[PDB]
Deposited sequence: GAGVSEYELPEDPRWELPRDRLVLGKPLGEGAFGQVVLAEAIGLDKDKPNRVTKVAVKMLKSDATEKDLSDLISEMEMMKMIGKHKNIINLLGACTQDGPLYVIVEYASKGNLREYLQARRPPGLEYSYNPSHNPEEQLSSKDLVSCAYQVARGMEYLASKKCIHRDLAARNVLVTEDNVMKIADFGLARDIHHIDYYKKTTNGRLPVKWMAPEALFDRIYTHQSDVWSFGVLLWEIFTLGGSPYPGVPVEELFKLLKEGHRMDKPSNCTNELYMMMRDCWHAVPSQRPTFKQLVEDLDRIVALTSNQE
């Protein structure tokens, strides 16, 4: 069965399962309340998210969920990632307990804050979003983690507006990706892939920087859809031609230069996440919150 790990084990009777938050093919996430998740106070409840298998899950799906939990244990904690908090592994179904991000994914967060046809985001708020995501990615890269699907849909937002990278440990067989498979919202994930990842199946920290450039474009378009109406075969042609997305409106030349630099054709020439954090820290400090 599953091996005991006292560093992370939470007794099942401490976890009160709640409403669904999200679902995949053979995995599901629910909101829950953990009683005494911390050794002191044992009388406090914490809202958490719990990932578990679907009822039609196979041995391979269980292996995949364990692999993701094990990677999260190894990577350790950071403010700008969804952190592992505990697990229920004994005498019942596997529950992987992680931080809850009440405001949901970044794509929906941005779209809900567009001016009418919560409150509007300032230019400083948008650059701060980009900075926090770059900080989470710099941490993951420092821990030898390659995300492989960095996009606003995979960034969650907490109640205190903290950006947290999600699904960085997700089991993924890159030789069995269906390029035609659309996301829940009807978009194609290939549109965030670096050309070397898409054409040659080569995933690196450099290919995650390319994806971060697409994510910057999503931020400054307030959750815009990259290449709307472009099918897989036409996207391949655009990438082969060296096509680059246009500058969004209300985006500085400097932040557009940053997107373009993330999209360098030569992977070695793209900025690193360390470089992006430093530049975004400087830009945040110089960006007005007055509009």
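Original post:
What's missing from the model if you number the deposited sequence from 1?
Top reply: Missing CA coords at 1-7, 125-135.
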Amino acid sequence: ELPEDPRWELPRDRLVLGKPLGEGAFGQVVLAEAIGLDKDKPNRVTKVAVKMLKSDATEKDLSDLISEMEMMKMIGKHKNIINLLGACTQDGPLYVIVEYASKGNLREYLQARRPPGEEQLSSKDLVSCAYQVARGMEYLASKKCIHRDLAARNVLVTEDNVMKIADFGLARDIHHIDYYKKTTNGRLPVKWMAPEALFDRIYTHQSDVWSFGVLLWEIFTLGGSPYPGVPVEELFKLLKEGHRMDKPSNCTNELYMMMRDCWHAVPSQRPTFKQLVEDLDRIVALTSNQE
From here on, numbers count along this sequence of modelled residues.
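For the two forms, the rigid core is made up of the largest set of C-alpha atoms that agree within 1.5 Å on superposition.
Subject >> Which of 223-231 and 245-253 lies farther from this form in 7 other deposited structures of this protein, as RMS of C-alpha positions after a rigid core fit >> reply: Of 223-231 and 245-253, the stretch deviating more in 7 other deposited structures of this protein is 223-231.
Original post:
Taking C-alpha RMS after core alignment, which stretch differs more from the shown form in 7 other deposited structures of this protein: 91-99, or 189-197?
Top reply: Relative to the shown form, the greater RMS C-alpha distance in 7 other deposited structures of this protein belongs to 91-99.
Subject >> Cross-entry absence of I202, a third or more of other PDB entries >> reply: Modelled in all the others, so no.
Original post:
Between us, would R135 come up missing in a third or more of the other compared entries?
Top reply: Looking at the other entries that model residues on either side of it, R135 is present in every one.
Subject >> Comparing 272-280 with 8-16, the one whose average Cα B-factor in the PDB entry is higher >> reply: Taking the mean C-alpha B-factor of 8-16 and of 272-280, the larger value falls to 8-16.
Original post:
Of 256-264 and 49-57, which one has the bigger average CA B-factor?
Top reply: Looking at the recorded C-alpha B-factors, 49-57 comes out higher on average.
**OP:** Name the one of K182, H205, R135, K77 with the greatest CA B-factor according to the PDB entry.
**Re:** That would be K182, according to the entry.
Subject >> Record-listed C-alpha B factor of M69: chain third >> reply: It falls in the bottom third of the chain.
Subject >> Chain third (lowest, middle, highest) by recorded CA B-factor, residue given as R187 >> reply: It falls in the top third of the chain.
Original post:
C-alpha B factor of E196, ranked within the chain: lowest, middle or highest third?
Top reply: Its C-alpha B-factor, which the entry lists for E196, ranks in the middle third among residues of this chain.
**OP:** Taking the chain's C-alpha temperature factors as the reference, tell me which third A141 falls into: lowest, middle or highest.
**Re:** Lowest third - that is where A141 ends up once the chain's C-alpha B-factors are sorted.
Subject >> B-factor third for the C-alpha atom of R107 within its chain >> reply: For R107, the deposited C-alpha B-factor lands in the middle third.
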